[PDB]
Structure formats: C-alpha cells, structure tokens
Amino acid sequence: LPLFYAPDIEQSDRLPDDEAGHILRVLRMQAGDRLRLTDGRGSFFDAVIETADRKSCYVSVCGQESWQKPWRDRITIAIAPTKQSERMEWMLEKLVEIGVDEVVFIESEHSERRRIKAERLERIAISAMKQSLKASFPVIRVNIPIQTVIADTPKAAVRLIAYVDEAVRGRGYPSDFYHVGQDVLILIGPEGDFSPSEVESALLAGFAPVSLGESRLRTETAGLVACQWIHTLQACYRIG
C-alpha cells in the first residue's frame, strides 16, 4: 500500500525529513521493508529501506515506472478563494482525487482579496496525491487577477466561464463546448459572482458562458462540479 513523496529521488537516496519521520517513527518500518515512492513528476519508484538513523531514512531504488495519468488533456480550475480557508482546502484535496492539472486562485471585482499562501496549498495537493496514488500534483497559482487569466490562458484551450446570479444579464453547458482532445479551463466566480464587465471581457477573449446545473452551489462546490463535468464527459462520450 502507502505511497511517499521523494522529489529528489533521482539524485539522492535520503528521503525528505517529513516522510522519514512518518516511516520510521509513526509507521515503525525497518531496514529491508519495501516502499513505493513518487517524485511528483509522473514516476513511481520501487525502493527498499537501506538505513534508518535517529533522524533520517535512506533507501535504495530497485525500479521505476511512468504513471499513466487517468484522464485526457489538461484541466485547469481558476476560481475565487472562499472566505473560510477550510472550504477551498477541502475542495483542493477533492480536485486532486478526481484529477486536475492546475488550480488558479484568482482575484475578481467581488472576490476576497487576502494574500493566499501557496505553500500550504502545495502540501495539501501533495498529500492528496499520495492518498489517491497519483504520481503528480497540480500547478497551484495564487492571487492571479481575473484579467490575466482571461488574456493569457493559452487560446487552444476551451475556456469556459461559469456564472449564476439572476442580475448578471444565454448560457448552455460544458458539454456544448468541451471536446476530448483539447485542454480546458473553467473560470468560477466569488459568492457575489463575476461582474457583467468581467463576463463581457471573458466572452470577447473567446470564453464560452456556461451553467454548471440548476442548483445554487457554494464556490468550492462549483470548483468540484466543474472538474467532474469534464471527467464525466470524457467517460460518457467514449466511442466504441
């Protein structure tokens, strides 16, 4: 079973301090015990504990394989942060479980404006990677202005913008715009939604306006639903 993260495994047999502590102290494993490792960059490694020190754990690598990513294309969720950090952190973990390549926390007219710490979110993604047995974790970006996302998202991507609130004066669904074979980015707004002016700018740049369904979702739940829309479409649209 369990997978450990060792980003420097290709150049070093010393495991990171945190993984070492867990493996030796918490799990009480010993020299000769086998381990699965990932570098976080698409590979799994078979390893055996060589040496256990008071502080550190050293392994030998016996073999290696490339992970086959269990979805197609690149999926980016670009989304407003939640007021409560627990909610966006719970969401991040779920997105990693489901399958995501990039999560961008944005700034928009009606969004929360506090600086978001990238490192804690990275650690949460790494944790969900190991838990769900994946060999990669998404790119995380924080405090990115909405207009940067609109202007600079690679235009070969299907770029969807989700909005709900009645005041924002037609939509369609992700199934109307998403094609397997292309990258996809979904932009999801704050509790107060995107402004009309933000939407026009999105559409001018080639974004397609979408609904995620008929229920009124919290921000973090809309991130999850949007990502699952993509996975669902990749499955229920397989030909054969």
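All residue numbers refer to positions in the sequence shown, first residue = 1.
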Please say, as none, 1 to 3, 4 to 9, or 10 or more, how many residues of the deposited sequence are without coordinates in the interval between residue 169 and residue 170.
4 to 9
Comparing 111-119 with 146-154, which stretch shows the greater average C-alpha B-factor in the deposited entry?
111-119
Mean C-alpha B-factor higher for 210-218, or for 29-37?
29-37
Check where residue 163 lands among this chain's C-alpha B-factors and tell me if it's the lowest, middle or highest third.
highest
By the recorded C-alpha temperature factor, relative to the other modelled residues in its chain, which third is residue 59 in?
middle
Entry-reported Cα temperature factor of residue 223, expressed as the chain third it lands in:
lowest
What third of the chain, by the recorded C-alpha B-factor, contains residue 20?
highest
When the modelled residues of the chain are sorted by Cα temperature factor, does residue 205 land in the lowest, middle or highest third?
middle
